[PDB]
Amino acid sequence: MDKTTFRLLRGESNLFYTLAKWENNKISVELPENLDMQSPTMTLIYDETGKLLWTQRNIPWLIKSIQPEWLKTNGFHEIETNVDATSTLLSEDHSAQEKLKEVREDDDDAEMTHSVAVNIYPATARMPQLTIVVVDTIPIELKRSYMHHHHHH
């Protein structure tokens, strides 16, 4: 797979693991000091059952896109969606919203694909088994600023 993607999603998953606390049979997440940019990712936290315990943003369509089968192993997946749903996942002021505006006019039946990483953190003395799902919010279709063209001379 793409290496930058692996670094970003796994890194974010691990980071959330370090910020999660378990108190009163409930998960909370610390907002850390000195965090310099907002990651273009959305994190979900599940227990061993598949019950959603913590969700970073309430996107009801995306939570349903996450298949129960995915939650049982460490792996990578993709969710195919449309341009109106991808604009949901990004802040209204993020500069990819303008890229999505230009996709809408060129072809509003344009499909967008989001990477999804699942990682399982085994139960430890003061924390149960946490399954963390991180979604990349910028679709693969818009990663690049240009497309190579094959010229022969």
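Numbers for residues come from their place in the sequence shown, where the first is 1.
Comparing 22-30 with 103-111, where is the mean C-alpha B-factor higher? Higher mean C-alpha B-factor: 103-111.
So, looking at the entry's B-factor column for Cα atoms, which has the higher mean, 41-49 or 88-96? The recorded data point to 88-96.
Return the residue from 120, 59, 116, 123 that has the highest Cα B-factor in the entry. The C-alpha B-factor peaks, among 120, 59, 116, 123, at 59.
Test of reading the entry: by CA B factor among the chain's modelled residues, which third contains residue 7? Middle third - that is where residue 7 ends up once the chain's C-alpha B-factors are sorted.
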